[PDB]
Every structure is written in C-alpha cells, then in structure tokens.
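Reading through the structure tokens given below for one structure.
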Amino acid sequence: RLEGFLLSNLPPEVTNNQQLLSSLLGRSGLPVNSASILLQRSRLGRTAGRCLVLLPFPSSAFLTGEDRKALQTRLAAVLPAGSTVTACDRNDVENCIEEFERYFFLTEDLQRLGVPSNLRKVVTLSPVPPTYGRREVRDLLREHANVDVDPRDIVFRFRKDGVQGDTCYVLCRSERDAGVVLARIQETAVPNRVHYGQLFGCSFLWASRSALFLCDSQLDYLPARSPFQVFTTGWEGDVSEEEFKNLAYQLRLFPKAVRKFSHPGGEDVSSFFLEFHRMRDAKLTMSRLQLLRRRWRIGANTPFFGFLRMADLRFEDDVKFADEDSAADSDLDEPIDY
Amino acid sequence: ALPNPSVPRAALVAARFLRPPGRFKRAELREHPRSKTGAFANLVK
Amino acid sequence: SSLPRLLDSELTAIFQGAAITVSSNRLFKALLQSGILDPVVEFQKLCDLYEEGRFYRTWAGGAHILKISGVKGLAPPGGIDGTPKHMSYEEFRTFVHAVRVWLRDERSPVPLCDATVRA
Amino acid sequence: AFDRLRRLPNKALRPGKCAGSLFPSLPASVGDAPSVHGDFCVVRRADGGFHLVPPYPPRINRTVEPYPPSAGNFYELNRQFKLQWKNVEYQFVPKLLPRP
Amino acid sequence: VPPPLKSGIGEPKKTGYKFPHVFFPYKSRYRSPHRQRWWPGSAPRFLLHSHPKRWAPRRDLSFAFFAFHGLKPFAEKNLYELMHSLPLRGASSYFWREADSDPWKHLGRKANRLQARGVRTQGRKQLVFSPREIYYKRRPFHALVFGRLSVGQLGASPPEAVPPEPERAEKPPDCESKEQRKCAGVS
RNA sequence: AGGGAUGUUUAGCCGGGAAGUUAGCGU
RNA sequence: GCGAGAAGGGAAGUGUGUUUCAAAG
RNA sequence: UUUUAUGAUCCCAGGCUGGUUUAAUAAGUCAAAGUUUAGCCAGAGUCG
RNA sequence: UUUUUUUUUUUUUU
RNA sequence: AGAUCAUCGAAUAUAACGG
C-alpha cells in the first residue's frame with residue numbers, strides 16, 4: 001500500500017530552508033495526523049539534493065487506490081521547481097531508504113575496516129547491481145550457488161554526485177581461501193532484480209572481478225602526491241633492499257622506473273613502488289607486466305600490479321569541493337595518440 | 001541481450017577515441033583458429 | 001496480489017485456434033472470446049496499447065514495404081502499404097505478457113511500469 | 001508488375017561520432033544524438049583485455065547479385081549463419097533494412 | 001617453393017584448406033598472422049610447426065629413430081629435451097640461456113640491421129633457473145616445469161660457469177622463462 | 001636363496017579453439 | 001606486438017549531395 | 001480504405017559540390033539562371 | 001561426454 | 001534531426017485494395 005513519496009533533484013535553495021519546503025506540502029496535501037519529512041545530512045553538516053516524505057498513520061490512509069494516488073502525485077508535482085522526480089514508495093523500498101541516508105553519513109567511518117595491509121588480497125568488486133541493493137538483500141547471494149557465508153556489516157557501497165547509490169558494490173571475506181572461489185563462479189549469473197507483486201523482475205548478468213584495492217597507512221598520503229604517474233607493485237619474494245637489491249634485479253626485467261619506495265609492516269611479502277616520467281612510459285609498462293604474468297602462469301585474477309590514485313577529499317570552510325571543480329586542468333598530462 | 005551483450009560500463013567509457021580497424025585487420029579475427037576470442041566472447045553463443 | 005501464472009501450454013491452443021506466421025487481425029478478436037484476460041475490454045483498448053508500445057518498430061514491421069515499392073518506400077509519405085505486423089508464436093507470447101500487466105497496474109497503489117514523473 | 005526483383009543502395013559500417021552520448025536524458029532538440037561505438041562492439045580479449053571486433057554479419061545485402069562473375073570458383077555462395085546454443089535455435093537470419 | 005603443411009605429433013588428422021587465406025584470388029599483399037616461418041633467419045612457432053609428423057620406410061625404422069630429439073644440435077635443443085636425459089630429470093640443478101648463437105643473429109635477410117650503438121667493436125649477470133616440479137605431457141619436447149628464477153654472476157673461467165651466486169630471491173617458483181635454447185649447469 | 005618380492009585405470013562443472021556433423025520444430 | 005582497400009566507379013532518382021541546427025560512451 | 005495532372009502505376013541512360021586574378025562610369029561588395037584542374041562526403045557481403 | 005589447455009575452480013559430516 | 005524545381009529519348013494512363 002501507499003506509504004509516501006520520494007523527492008530528488010531538489011535545488012539547494014529549498015533544502016536549506018525548512019519554512020519554504022513545509023509551505024509547499026500544505027497546499028498540495030496534508031501539512032508538515034500531519035505528515036513528517038526527513039532531510040539527509042552529510043558528515044560535515046551539509047544537506048543533500050533529495051529529501052523524503054512520510055504519510056500519516058496507516059489507519060487514515062489504508063483505503064487509497066490509484067484514483068486518489070494519481071491526483072495527489074500530479075498536484076504535488078507542479079508546486080516544486082522543475083527538473084524534479086516524485087516517485088512512489090512501496091512497503092519494501094520504504095525500509096531501504098532509511099539505510100541509504102545512514103550509509104552517506106558513515107561513508108568515511110566504514111572505509112577503515114580491512115582497508116590496511118591486514119586485508120590486502122581479500123577485497124573484491126562487482127558493479128553489476130543497480131541502486132536496488134541492501135545488506136540483507138544481498139546476504140542471500142553467494143550462498144545458494146557459491147557456498148560462502150560472508151560477513152554482514154562488511155558491505156560498502158559508493159555514491160554518485162547526486163548522493164545516489166552508485167552501481168559499484170564492494171564486498172569482503174573473513175578468510176583468504178574463499179576469495180579466489182568468489183571470482184570464478186559469479187560470472188554471468190541472473191538471480192533476480194526486484195521482488196514486486198510476488199514475482200521477479202528483469203534479468204541482470206553478474207560479473208565479479210578484482211579491479212580495485214584499498215590501503216590506509218600513515219606513510220602513504222604524503223609520498224603519493226609528489227609524482228604525477230606513480231605505480232604500485234607487490235607479491236615479491238623474501239625481504240629486499242631498494243638501492244642494493246631492488247635496483248640490481250630490475251635490470252633483468254623491463255620495469256623502467258625512475259624512482260622507488262618501500263612498504264613496511266613486517267609481513268612475509270614486500271611491495272615496492274615505481275615512478276615514471278611520461279604517461280606513455282607508464283602505459284607501456286602496464287602491458288609488459290600483463291604479458292609477463294601470463295607467461296609465468298601466475299593467474300588472471302591474482303593481484304600482481306596496480307595503479308595508485310589519490311582519493312577525493314572534502315575539507316571545511318570551502319565554497320566548492322575539489323571534485324566539483326569545473327576549472328580543473330589535470331587532463332593535459334594524458335596525451336592522446338592514435 | 002541480443003543487440004548488445006554483457007559489456008562492463010568501465011570498459012565502454014574508456015574506449016572512446018579508439019580508431020576502428022581496417023579491412024585487412026578484420027580478416028585476422030575471422031581467420032581460423034580464432035585464438036583472439038576471450039571469455040564469453042563468442043559471436044554465435 | 002498473487003498474480004496468476006500463464007501456462008505456456010494454454011496459450012498454444014489460443015494461438016493455433018485463431019489460425020509459421022498469422023495476421024494480427026484474427027488474434028485480437030480471439031483473445032477476448034477466450035476470456036483469458038479475466039469492466040469488459042473493448043477492441044479499441046488493445047489497438048491503442050499496440051501503437052503506444054512501439055511494437056511495429058521494435059519487431060521491424062516496416063521491412064516488408066521495401067520488397068514491393070523498393071526505393072520509393074524509403075521516403076516518408078509526403079517527402080505505401082500499411083498492413084499490420086504478423087506476430088509469430090514467440091512474438092505473440094511477449095505481447096500477451098506485456099498487456100496482461102498493463103491492465104493490473106492501471107489501478108494499483110504502487111505503479112510498476114512508470115512510477116516516476118517529471119515536473 | 002508484381003513480385004519484381006528490386007535493388008537497394010549499398011551502405012557500409014557508419015563510423016560513430018566522437019561527440020556522442022550513452023543515453024539521452026530528456027533531449028531538448030528535435031532529433032536523436034549519435035553514438036561513439038556505433039556499429040562496432042567491445043568484447044573481452046583472449047589475453048585479458050578489451051578490443052573491437054566485427055559484429056555478427058552486418059546486414060548482408062542479398063538483393064544485389066555478386067559483381068565479380070568468377071566468385072563461385074573460389075567462394076561458396078548462398079551461405080547461412082545460424083545461432084545455436086545447446087538445443088536452442090533462434091530465427092534471425094533475415095537481415096532486412098527498415099525505413100529511416 | 002614453400003614446404004607443405006604438416007601436423008605435429010599428438011594431433012588428429014585435419015582437413016587441408018583449398019586456399020591459404022580468404023583473399024587468395026583478389027588481394028596479394030595481405031598476409032595472415034599465422035604465416036609459416038621457414039625462410040632462413042627465423043624461428044618456429046614452438047607448438048605449431050616445430051615437430052611435424054616423421055615417417056620413414058620399414059627398413060629405416062629402429063630404436064635410434066625415436067631418439068632424434070635427444071641428439072639435436074646445441075642450437076636447436078630446448079629445455080624439455082635437455083632435462084630428459086640428465087640425472088633425476090635435471091632436478092635440483094641450474095640452467096641459463098646463452099643468446100650468442102641465434103639463427104637471426106648470424107644468418108637471415110635482415111642480418112645487417114642498424115642498432116642504436118652501431119657495430120660491436122669488441123663477468124656478466126645471467127639469470128639462473130632451478131626446476132623444482134617437473135610434469136611431462138608430450139615427451140620429450142613438452143612439459144610443465146615449475147622452478148625458482150633468480151640472478152647469478154658468471155665466473156672468469158674460459159667457459160660460461162656460475163661461481164657463488166644465485167644470491168637474491170627474485171620470485172617464488174614460477175613457470176619457465178624461455179623455450180628456445182638452454183645450457184647445462186654445475187648441479 | 002635379492003638374478004627375489006613389491007608397483008599398474010582418479011572424479012565433476014564452466015569458458016574458448018580445430019575436424020567431422022550441418023538430421024530436430026516433439027517447448 | 002602494432003599498421004595496411006592508401007592500385008576500388010560494381011549498386012541507387014527522389015537517391016547521392018548541398019544548406020540550417022544539434023550531440024558531457 | 002489509399003495515391004492520382006502540384007504527374008499516382010511504369011521502360012533505358014546520366015553520382016553532388018569548391019577552386020582567390022579577371023579590363024568596360026556591364027568601374028560588382030560574392031563574376032549574376034546554368035562552364036573548370038591537386039580537393040570534401042560517400043561507395044554491401046562471402047574460406048562451411 | 002570422447003582429440004587439443006601458456007584462460008579456472010571445487011571434493012570432509014561428531 | 002528538418003527543408004531542399006528534376007531533365008532527355010516524338011508519343012500512346014488510370015492502377016492496387018474490401019462487399
């Protein structure tokens with residue numbers, strides 16, 4: 001049954017004032033038993049580009065068919081500004097909307113568990129699923145066809161610019177053995193899309209592959225800002241020097257690295273960094289490694305190399321964020337050749 | 001499904017300025033044995 | 001709630017009874033006679049949904065014009081046969097599924113086809 | 001004049017425009033935006049990569065007879081490309097060019 | 001004239017094609033990626049044309065006929081063939097590649113290319129292979145050998161030998177490096 | 001008593017490739 | 001590993017072309 | 001029910017465009033209904 | 001299901 | 001994506017759909 005609507009794409013001038021937003025709801029329908037709203041807030045105290053509206057107790061709203069819903073939707077769609085979406089909310093998706101707001105607030109808090117070297121070759125990705133996803137919903141998966149009881153509160157999801165649940169979903173595993181087993185059977189799988197009317201929805205092919213990693217350390221933020229083209233390599237043999245051991249053996253292979261770094265931690269595997277001058281040299285290196293991997297019979301899915309990147313950060317007392325900067329000119333370093 | 005197969009979105013946006021192959025390059029793919037065929041890359045299945 | 005499941009075997013009798021390919025004129029009248037859809041659905045109701053669903057284009061129903069006319073059929077009418085698309089067994093199945101739900105969601109509190117709306 | 005053999009113009013693979021789009025989000029001109037990929041498709045390579053590939057037969061024009069008279073001495077004419085997967089076969093051999 | 005196509009040992013009989021490629025009559029400058037390499041100054045495709053089917057009259061058949069692989073010249077003996085006759089299948093040994101007598105480096109059409117330096121007017125550090133696990137599929141020229149790859153320094157002796165290295169652990173036991181030519185070891 | 005004795009064939013899924021096949025409408 | 005029809009007139013009449021606009025895979 | 005002298009049915013042949021100076025109170029401010037020479041767009045598929 | 005593998009994985013019951 | 005005279009060969013015209 002009907003339980004409320006869901007607004008999106010709202011202008012910043014209406015979310016920052018509760019008086020204006022409340023006035024628009026009184027004329028269309030019930031005023032702010034009266035209805036209630038809930039505005040999503042970020043960790044820094046900033047609002048979002050969407051809101052939520054909840055209807056009164058079901059006692060006075062159970063008998064509401066499509067005839068009364070079409071008129072209400074239509075009438076409440078005109079009062080707000082243009083370029084706005086006003087969709088209905090079912091009984092199942094209503095509970096999921098609350099979790100969406102909580103994920104945005106805990107985005108930075110949740111990106112610390114298993115991110116360090118402790119859990120390196122564990123993390124996985126699968127950007128198949130659409131916005132329709134949940135911790136509970138997704139828990140049933142990877143159990144009926146792969147046999148793998150993954151943790152519950154270890155599920156992280158990214159977000160787009162409009163605080164919308166990005167299709168990029170990331171999972172974790174308790175152990176390391178089962179990691180490989182996840183990315184071998186989840187290929188071209190069609191469990192379901194949506195559970196409406198007691199029947200399944202459209203089809204969706206699954207595709208799991210290791211293409212992204214996470215790391216959190218105190219000696220990684222500064223070193224990874226000086227060079228423009230920085231590489232990452234791992235899965236090395238017993239403990240080694242930089243100038244005396246890493247440089248000498250590098251001559252055999254084709255790394256062609258200007259500089260190098262180390263990665264302590266006291267584990268049984270090392271990981272030395274690499275540096276390049278031009279983007280073409282970096283690019284060519286990627287191919288080389290890839291080719292070599294096959295030769296060695298290491299594994300397609302086996303993490304061997306990667307590209308280092310700096311995650312976007314949002315500071316305080318700033319009128320505009322770095323990620324939302326339209327005047328940035330950080331693309332000239334990547335020349336195009338064809 | 002039929003029009004467009006399962007193609008990850010990550011590999012579609014990046015492949016933008018990729019020049020299409022020529023006439024002779026096309027025959028290489030079509031030539032037997034088709035060793036350039038990847039996983040789930042079959043044009044018949 | 002609890003929408004009934006349409007058995008494949010049942011649809012075979014209706015499709016073959018109205019008679020590989022068949023015209024769409026005889027199928028529209030036979031669907032209502034069997035009463036599988038259950039107000040009473042009128043003949044115009046099915047025709048309106050057929051055009052609104054963009055089934056002629058999807059199914060490539062206009063490809064038969066070039067066989068008779070040829071080059072003259074490429075141009076628009078003003079810049080011509082107009083026979084309906086002859087749906088096959090496979091094609092007809094899809095349409096029946098699509099029209100079965102379009103009538104149930106017309107009075108449901110939670111729309112399924114088009115839930116969104118632009119201001 | 002009934003059941004007369006007509007002729008249609010030739011058309012090769014249309015190259016996609018650089019300035020394309022994935023999905024037009026409520027377009028506000030009187031037309032459809034072009035595509036980057038166009039006719040071409042992206043597939044997984046053997047060595048774990050992504051590369052272009054000639055799609056399934058691109059509208060093999062059967063209306064016009066072969067130009068070189070000496071085509072049967074080196075190539076088998078009247079070919080068919082069928083799609084089968086285990087015990088399932090689909091009817092898609094008719095390659096018709098619909099009107100604009 | 002080019003040599004006739006032949007199938008290698010361990011392969012079922014195939015049907016020969018009527019033309020080398022699709023554009024046989026029409027085009028002539030087009031070349032297939034899988035073209036044979038028989039002209040002097042090239043190398044075979046390993047497992048496509050290296051070991052074609054061998055036949056001989058009944059009279060010529062003998063034990064020694066089967067041992068042709070193990071008696072190949074130094075310039076054509078691969079790792080697989082070399083390890084087959086060594087004690088313990090060449091296990092617990094060292095191997096290295098000597099790139100000094102390649103067919104293209106002495107003979108061939110493009111045997112006078114201009115290098116970045118020009119011409120050669122005049123102790124090294126060569127890689128060493130330690131085979132650990134040996135698995136033979138198609139003897140004596142086929143195997144899946146897993147070993148530890150490391151670096152070692154050569155000696156001052158007249159021949160190519162390995163004094164007190166390998167020293168550094170490069171990578172865990174992996175697949176072989178090269179399949180073209182290999183030398184002996186100290187063991 | 002040794003020039004003896006002992007040893008003998010491992011199983012399932014999925015993706016791609018070559019030859020033969022290219023008969024099916026029973027879903 | 002990458003490039004290669006760089007030697008193409010065989011098809012089409014309301015088509016091939018031109019002009020006005022548009023295109024954040 | 002639809003086209004039809006504002007050419008419907010219908011037979012043969014022809015692929016579209018640009019190219020700077022250029023005399024004379026036709027003193028062209030773009031060479032004035034239609035004239036070209038490095039050039040743009042465009043030109044199906046097949047080893048069963 | 002049968003030859004080819006320098007693209008993979010799985011095997012237990014107090 | 002919209003718009004965008006047709007000409008020569010002397011000429012010879014009403015045709016296709018449903019009761």
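To be explicit about the labels: the chains of the structure tokens are called A, B, and onward in the order shown, and within each one the residues are counted from 1, while ligands get numbers from 1 in the order they are shown.
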Near-residue J:15 list (10 Å; only C-alpha atoms (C1' of nucleotides); drop same-chain fewer than 5 positions) as a PDB file with N, CA, C and O atoms (P, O5', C5', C4', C3', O3' and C1' of nucleotides), in the first residue's frame:
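Wrote it out as out.pdb, contents follow:
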ATOM      1  P     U H   3      -4.752   9.598 -50.044  1.00  0.00           P
ATOM      2  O5'   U H   3      -3.809   9.405 -51.314  1.00  0.00           O
ATOM      3  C5'   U H   3      -2.400   9.323 -51.166  1.00  0.00           C
ATOM      4  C4'   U H   3      -1.724   8.947 -52.461  1.00  0.00           C
ATOM      5  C3'   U H   3      -2.006   9.850 -53.651  1.00  0.00           C
ATOM      6  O3'   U H   3      -1.236  11.039 -53.652  1.00  0.00           O
ATOM      7  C1'   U H   3      -2.249   7.601 -54.308  1.00  0.00           C
ATOM      8  P     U H   4      -1.891  12.420 -54.151  1.00  0.00           P
ATOM      9  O5'   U H   4      -2.275  12.140 -55.672  1.00  0.00           O
ATOM     10  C5'   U H   4      -1.268  11.931 -56.652  1.00  0.00           C
ATOM     11  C4'   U H   4      -1.859  11.562 -57.991  1.00  0.00           C
ATOM     12  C3'   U H   4      -2.862  12.543 -58.578  1.00  0.00           C
ATOM     13  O3'   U H   4      -2.251  13.652 -59.215  1.00  0.00           O
ATOM     14  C1'   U H   4      -3.715  10.346 -58.752  1.00  0.00           C
ATOM     15  P     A H   8       4.220  10.793 -59.771  1.00  0.00           P
ATOM     16  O5'   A H   8       3.293   9.640 -59.183  1.00  0.00           O
ATOM     17  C5'   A H   8       2.726   9.744 -57.884  1.00  0.00           C
ATOM     18  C4'   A H   8       1.576   8.784 -57.702  1.00  0.00           C
ATOM     19  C3'   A H   8       1.763   7.404 -58.317  1.00  0.00           C
ATOM     20  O3'   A H   8       2.521   6.527 -57.500  1.00  0.00           O
ATOM     21  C1'   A H   8      -0.340   8.257 -58.956  1.00  0.00           C
ATOM     22  P     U H   9       3.805   5.770 -58.100  1.00  0.00           P
ATOM     23  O5'   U H   9       3.192   4.697 -59.107  1.00  0.00           O
ATOM     24  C5'   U H   9       2.466   3.575 -58.624  1.00  0.00           C
ATOM     25  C4'   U H   9       2.060   2.653 -59.748  1.00  0.00           C
ATOM     26  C3'   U H   9       3.186   2.157 -60.642  1.00  0.00           C
ATOM     27  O3'   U H   9       3.877   1.050 -60.089  1.00  0.00           O
ATOM     28  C1'   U H   9       1.378   2.907 -61.977  1.00  0.00           C
TER      29        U H   9
END
- Task: Please identify all polymer residues within 9 Å of residue D:4, counting only C-alpha atoms (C1' of nucleotides), omitting same-chain residues fewer than 2 positions from it, and present them as a PyMOL selection string.
- Result: (chain C and resi 67-68) or (chain D and resi 1-2+6)
Keeping only N, CA and C atoms, take the residues you just selected and write them out as a compact mmCIF listing (two decimals), in the first residue's frame.
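After the write, part07.txt holds the following:
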# COMPACT_ATOMS: atom_id res chain seq x y z
N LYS C 67 10.11 -4.44 -50.13
CA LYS C 67 10.03 -5.57 -51.04
C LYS C 67 9.15 -5.28 -52.25
N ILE C 68 8.11 -4.45 -52.08
CA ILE C 68 7.19 -4.14 -53.17
C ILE C 68 7.62 -2.85 -53.84
N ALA D 1 2.78 -5.46 -62.71
CA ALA D 1 4.12 -5.58 -62.06
C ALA D 1 3.97 -6.07 -60.62
N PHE D 2 4.19 -7.37 -60.42
CA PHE D 2 4.08 -7.98 -59.10
C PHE D 2 5.26 -8.92 -58.89
N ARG D 6 13.75 -5.96 -57.05
CA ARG D 6 14.17 -4.57 -56.93
C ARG D 6 15.65 -4.52 -56.56
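Here atom CA of residue A:285 stands at a distance of 14.0 Å from atom CA of residue A:308.
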Item to complete: Write out as a list in words which residues come within 10 Å of residue B:4 when counting only C-alpha atoms (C1' of nucleotides), dropping same-chain ones fewer than 2 positions away.
Response: residues 1, 2, 6 and 7 of chain B; 41 and 42 of chain D
May I have the residues of chain B within 12 Å of chain I, counting only C-alpha atoms (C1' of nucleotides), written as a PyMOL selection string? chain B and resi 33+35-40
* To one decimal in Å, tell me the separation between atom CA of residue A:261 and atom CA of residue A:273. =>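 For atom CA of residue A:261 relative to atom CA of residue A:273, the distance reads 4.9 Å.
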